[PDB]
Amino acid sequence: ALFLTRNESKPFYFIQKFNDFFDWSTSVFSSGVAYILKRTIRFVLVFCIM
């Protein structure tokens, strides 16, 4: 609350590339989560095999 600006400005160009990389990473993560939740039984068996 002391020093943290509400609006963060001037992001680094590599960080901005990192931000898009992390964004598509979380998109693929959400897709994988949806695929796993679609078929529970196989991943339960995967956990047992693990």
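The coordinates are above.
For the structure given in this document, a descriptive report is provided here.

Procedures and definitions
Residues numbered from 1 in each chain as written, not as in the entry; some residues may be left out. Part of a larger assembly, values for the part shown. Heavy atoms only, no water. Helix = DSSP H or I, 4+ residues; strand = E, 2+ residues; numbered from the N terminus. Rg over C-alpha atoms; globule rule 2.2 N^0.38 Å. Areas by Shrake-Rupley, 256 points an atom, 1.4 Å probe, with all protein chains shown as cover. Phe/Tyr/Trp six-rings, centres within 6.5 Å; stacked < 30°, edge-to-face > 60°. Axes fitted to C-alpha atoms, helices over the stretch in contact; angles between N-to-C directions. Parallel < 35°, antiparallel > 145°, perpendicular 65-115°, else oblique. Contact = heavy atoms within 4.5 Å. Nonpolar A, V, L, I, M, F, W, Y, C, P; charged D, E, K, R; others polar.

### Details of the overall build of the protein
Argument step 1. Counting secondary structure elements, the protein contains two helices and zero strands.
Argument step 2. Since a compact globule built from 50 residues should have a radius of gyration of about 10 Å, the 18 Å found for the protein marks it as more spread out than a globular shape.
Argument step 3. Here the C-alpha coordinates of the protein stretch approximately 50 × 25 × 20 Å along the principal axes.
Argument step 4. Looking at the protein as shown, the accessible area adds up to about 5400 Å², and 69% of this sits on carbon and sulfur atoms.

### Quick look at the packing of aromatic side chains
Argument step 1. For the coordinates displayed, the defined rule picks out five aromatic pairs.
Argument step 2. Ring geometry for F18 against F22: centres 6.3 Å apart, planes inclined by 10°, an arrangement best described as stacked. Separated by four residues within a single helix, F18 and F22 lie in helix α1 (residues 13–38), roughly one turn from each other.

### Regarding unusual backbone geometry
Argument step 1. Positive phi is not limited to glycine here, since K10 has a value of about 55°.
Argument step 2. Relative to the helices and strands, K10 is located in the segment before α1.

### Looking at the packing of α1 against helix α2 (residues 40–49)
Argument step 1. It is at 5 Å that the axes of α1 and α2 come closest, and there the two elements cross at 95°. By the angle between their axes, α1 is roughly perpendicular relative to α2. Across the interface between the two elements, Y35, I36, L37 and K38 of α1 pack against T40, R42 and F43 of α2.
Argument step 2. Taken together, the residues that form the contact of α1 with α2 break down as four nonpolar, one polar and two charged.

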